[PDB]
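In order of appearance the chains are A, B, C, D, E and F, and numbering begins at 1 in each one.
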Amino acid sequence: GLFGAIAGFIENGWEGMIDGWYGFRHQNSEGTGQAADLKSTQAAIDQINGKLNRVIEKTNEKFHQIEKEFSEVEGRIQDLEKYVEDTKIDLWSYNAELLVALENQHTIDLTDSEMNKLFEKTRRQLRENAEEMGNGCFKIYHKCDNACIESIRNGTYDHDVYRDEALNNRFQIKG
Amino acid sequence: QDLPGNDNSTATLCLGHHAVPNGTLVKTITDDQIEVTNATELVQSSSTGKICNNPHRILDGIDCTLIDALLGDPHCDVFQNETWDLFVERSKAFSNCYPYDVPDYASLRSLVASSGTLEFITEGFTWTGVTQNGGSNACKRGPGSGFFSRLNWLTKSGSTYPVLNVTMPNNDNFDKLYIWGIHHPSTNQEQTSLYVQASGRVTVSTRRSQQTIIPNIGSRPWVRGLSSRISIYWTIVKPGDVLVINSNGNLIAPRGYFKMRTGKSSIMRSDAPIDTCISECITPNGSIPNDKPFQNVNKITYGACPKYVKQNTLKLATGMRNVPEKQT
Amino acid sequence: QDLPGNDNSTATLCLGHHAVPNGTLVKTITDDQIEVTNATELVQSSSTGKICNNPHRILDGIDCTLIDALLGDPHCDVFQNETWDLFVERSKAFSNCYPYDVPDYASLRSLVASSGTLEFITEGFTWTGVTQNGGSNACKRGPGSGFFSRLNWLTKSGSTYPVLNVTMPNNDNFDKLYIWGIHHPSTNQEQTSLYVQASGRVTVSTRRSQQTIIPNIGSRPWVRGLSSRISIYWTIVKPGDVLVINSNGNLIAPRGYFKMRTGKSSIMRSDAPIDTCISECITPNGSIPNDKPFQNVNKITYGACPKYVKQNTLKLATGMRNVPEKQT
Amino acid sequence: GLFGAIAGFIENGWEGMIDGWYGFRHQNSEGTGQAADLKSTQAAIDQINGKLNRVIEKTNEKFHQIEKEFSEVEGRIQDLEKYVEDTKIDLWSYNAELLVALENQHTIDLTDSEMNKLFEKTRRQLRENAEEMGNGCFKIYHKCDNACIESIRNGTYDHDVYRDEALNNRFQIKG
Amino acid sequence: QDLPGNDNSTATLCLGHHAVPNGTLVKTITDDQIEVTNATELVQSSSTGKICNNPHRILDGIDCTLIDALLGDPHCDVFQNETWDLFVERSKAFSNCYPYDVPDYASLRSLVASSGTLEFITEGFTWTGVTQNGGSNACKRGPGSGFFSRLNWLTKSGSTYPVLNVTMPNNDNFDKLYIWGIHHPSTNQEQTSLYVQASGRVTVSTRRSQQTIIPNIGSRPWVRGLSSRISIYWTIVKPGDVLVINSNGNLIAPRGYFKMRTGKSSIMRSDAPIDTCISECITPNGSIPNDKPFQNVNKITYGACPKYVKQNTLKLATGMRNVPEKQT
Amino acid sequence: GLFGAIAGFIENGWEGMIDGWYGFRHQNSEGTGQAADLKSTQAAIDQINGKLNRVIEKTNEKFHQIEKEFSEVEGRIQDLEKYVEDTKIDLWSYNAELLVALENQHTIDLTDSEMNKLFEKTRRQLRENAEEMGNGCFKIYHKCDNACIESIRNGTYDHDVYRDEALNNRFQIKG
């Protein structure tokens, strides 16, 4: 949608991820692993519930109203009774139809946003030690074992610890 | 730092999002079918088929319309002084008493329907010089002739029908609804036999208003053995005002007043079964749950109900776009 | 890998977007004139000036209003049994028969206008003891006196006007619309000359309803040589019901029934020319194209039309913001 | 708009680009050149048509309604007839006016988004071989002939092929 | 190139945004209380309590309703030929003349209220054979008996009330509103004493319409010493048409015509004080400022007013989210 | 909101900034300072005023309408009079409530956008001389005195002037 992460630079979703809405898969020294990110999952979920609750906010109640079904033909007053109701129904129908369009459009951009925010957040944290492969994966240029991967995930990764190892691996090479 | 930190390996970390094999199509500003992970329905489109008898007070009219309950058709005597939040009228209701018509049936039905009470107070009207309590075989009450329980058919006494001129003060602190009427004879002969004068007249007035109705003689279609008719009228008398009934023939007189109130009462035409459950929203198709914001069950509703919409489905996305990883 | 690239130069790649010299101003949430590359108009503001005669069935009333077509003004005999989707009434229409008035003209015009048919069935009413087919020189049919083709003016026979009491059953399976009326004389002399009784009376009833109208004598303004008037009334008779007409003077009797139907018919007042083209939406200003969602041509419409809006232009941006590179 | 590319970091549009809505201008060893990007042009066009088609969705039809023009003065019932219509017209007029505002605001942010997405996409693809001049142009630090510019445009550019050339040119220099 | 000379160091630059200690909660699509830096109220919820007498022309009815000002109750003679943009009627208004009723009071009040003028033109009606200017002690004008200034009560002369048949042409180029009426006697004796005929009749007609009203004798409630009543009627006569008044007893005749116009006038019931200030929007609660788009003061308004809304507060965010340093 | 700068990567606002809505705080070898950025402050303010002015656009005026208060019970016509008005009020109330929801949601994303745009703009300008600390602060890898900080702020910073100093400080070090 607006941010181009979901169905954008991230080619497709993971049907396998059952524990959250957004997350990480890694391949490292000890092998391959997956894990949901619960902060962004909760961020997207809370906004969609907030949105949901506003829409389920109070059916107002009405009691004696006007007749809306007639069995004899009367002319002027009955034509107006029918015309008041039919224009009320078309106006409320227009409202329902535009409300779910705006809402749905926004829910897609919002969840796209959260994807992109988690990406940016991980980008910023890896500093000079990783490069973006451009499909939502980073290439980490230093030995990063499972505890290392867990510190990126839980947000405590210290880039300085691996900066010389990474900068060497990443640049120097032979050019 | 360490010393020559030589282990030159790398790692790969990929961020991504879930996807579901199934998925639901929803409308958008730019697309009208785009598939999301999950959605929720906002149009209630089905009724239970039964009118729950709780929390509002449903009064089932059985085979009485509200007006016959009001006037006092013998078969509707069950409803005397009854009350309701919603009076349900049934397609099977029938009248079975003197043939009558009500000039603005639609407003009298409305006005009683939202007052919500058939509470009647009998008052001491004195009709001197006329015979009271006339009845008809078309309004059989028990084995005998009868008439509407709330009205009083006056006919001549001996050889005279006087000019009745009676008055009833509203001394209480509430409005009083009076239902009264006039009898339309089939023949001039009938007119003079019953009311002596060849032309009757009824004038009912308050300090604020007056109605004078003159009867109309002529044959109408045979209904329950009769070609005569009575037409029903109503007068509300405000606190401090006074009712004056003045007639010279053909008056079907009131026996007292219905008391009026102000509340959430209304009436509904429905053959739905009333059942024991609690539901706030009533539709002539039966109660419906007001959890969703819109409904497509019926434009007639009573209570806390969703807004009627022409659409029968509107799905609100509650998840991101579904971009599956294959689809299994 | 590759060998000495002697030259090591650079390149420059710039991304950018188009712009147009012209451009269109559109409204936004935050701006009310911002210039975009292109836009499209959503308010239809012009008519062709002609009512297209297709796809709906337009019936041009020429110089007949629908009520005169219904009653049967001689000059409107062209419309007998006619039908329409839209009846167009013209400012030039005129009545040219006995001076009449219709108590709720507005509902009878509505009721016939959406029934959409002037199909009349003559029925065998027998008026015994009165002279039939009265006419007037104000309703000339050909060289002679005449009257509305669908009504029957009854006057005395010899020295008597009896109490007419006739009945017509609705045995078919559709509703029957009956148009009837009463004649209001200018003088008591006129009253007795025509109807003998010094006070006429018309009572038309079904099992469900009744109307009794008594005529009113007095001079009205001279219209086509006359100070008398006739007032028109209508009674719909449901399947299984029965019409009883009972009168004692002044009855303008029905010759049968119009049949009623239910459809998409309506009426429109317009002097627009009907022309041969196909257009779904009709406005009294002529047809308009319903390609756009809103229209500002007229609040009166018939057919598939855009929603009338007070705005005369609303441009929907269909392109990005226009940021051109020259000066102005 | 929300992304700040159009009428943002990209100073102005190119009146010259007649073959698409977004695109590239480049100067390399072989001379200068321009070329529209058809994927993002189609992306923006498809969304604006989708939006357009939803708005041209079905004029509903109405037949017998109420009278809306009168020649005599009647009072109570005619005042209501006129008041039902006038409140219907103001409600539909409010709807039309808000609908094009929301819509237009969105079309500007959407087309801004696509601009920015194409930029990000090209950024990611060039990896360590180019730097952003900050005006929507990248400085490619290696010899990139016309076929090279064509591979960035058609998305097949291999950054690895030029990474040592670029890293040398870009960093080493004399600091 | 640039030559450092000696220093080796770094700097830190942080971007950020303001925050306010206070802050305001506002509703959102996803939240219903989120705190922003600042907001502005869009619902006007308070009146000044006074109706500003500028820019519209407010006419305070004092203790006259508009209909009594129109008919010409002695105590309302102050309003003759008066005009208004808004006529304010007060809860304290009272009638103090002959007991009357107006069959469609509500439409006559509307029709005069938006015409906006009580400009009356006396016309030369000639009533031959009847006594003019009848008055009553219930409508005291000064020490004597009186009657409505704009109506003319005709009674017999000597022993006869003729058939009055008068006519008045609309020769001007505007519509003429005529107010006339009929007197309903309490007794048949009263009827014959005043109008000789035992049954009166009033027929007022134009080329386009006619009304015939027959009086109704009977006692009503004593109001100002009287059980009789007069009912008021109205006839608008178009340019080129002609009024014909024809009666045979009980006519309360017009003295001329009110002239009608078309403008922005209306009427309002309010006991708010009129005060000197300029305000465009008037509410029965007093004027309110139309700077905001919505208002919750009253659904009754006149002038350029905000749209009435059920909400009493709606805050529009005019600042970013408030994320403070310490707390809130 | 959608961009995740405000109440996002920028942890919290500065109650102290009284001279503008967005701005800078720095600490160099010469001292520390704060300063509002007036261009983005004006950008956010102008859009919020534009939005505001469209909403305060013309109360339409109405004169004779229908009665909305009654003292006697009449039935059919009075029920319709009341039902026309009550459905008018609920429709206008729905409109007011949805209008401020959409509006407010947008004002938060718009001001979030401006924050993020100022950040991006400063990022682009510093080129290879600074690194993002990930909390909205850049670490400038070269000696930058108060005139230097003023040139970044007023947009005239020349990255080339300090590029070798910065690239040395930033990379070389010992890895």
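Note that a contact is a pair of C-beta atoms (placed from the backbone, for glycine too) under 8 Å apart; a residue touches a chain by one contact, two chains touch by 3 or more.
Measuring from the averaged C-alpha position of subunit A to that of subunit B gives a distance of 49 Å.
Centre to centre, using the average C-alpha position, subunit D and subunit F are separated by 21 Å. Chain centres here are Cα averages; for subunit B and subunit E they lie 33 Å apart.
In subunit F, the residues that reach two or more other chains under the touch definition are 2-3, 48, 54, 60, 62, 64-65, 76-77, 79-80, 84, 90-92, 101-103, 105-106, 110, 164-165, 171, 174. Looking at subunit C, residues 27-30, 106, 110 sit in touch with two or more other chains. Chain contacts in this assembly form a complete graph, since each chain touches every other chain.
Contact annotation for chain pairs lists A-B, A-C, A-D, A-E, A-F, B-C, B-D, B-E, B-F, C-D, C-E, C-F, D-E, D-F, E-F, with touch applied as defined. Here subunit F touches subunit D in the complex through residues 2-3, 54, 60, 62, 64-66, 77, 80-81, 84, 88, 91-92, 95, 99, 102, 106, 109-110, 113, 117, 120-121, 124-125, 127-128, 163-168, 171, going by the rule given at the top. For subunit C in complex with subunit F, the touching residues are 27-32. Those residues of subunit D that touch subunit F in the shared complex are 2-4, 8-9, 76-77, 79-80, 83-84, 86-87, 90-91, 94, 98, 101-102, 105, 131-132, 134, 171, 173-175.
Those residues of subunit A lying in contact with subunit E across their complex are 47-48, 50-51, 53-54, 103, 106, 110. Chain contact summary for the complex, subunit C toward subunit B: residues 165, 167, 201, 203, 205-210, 212, 241-242, 244, 246-247.
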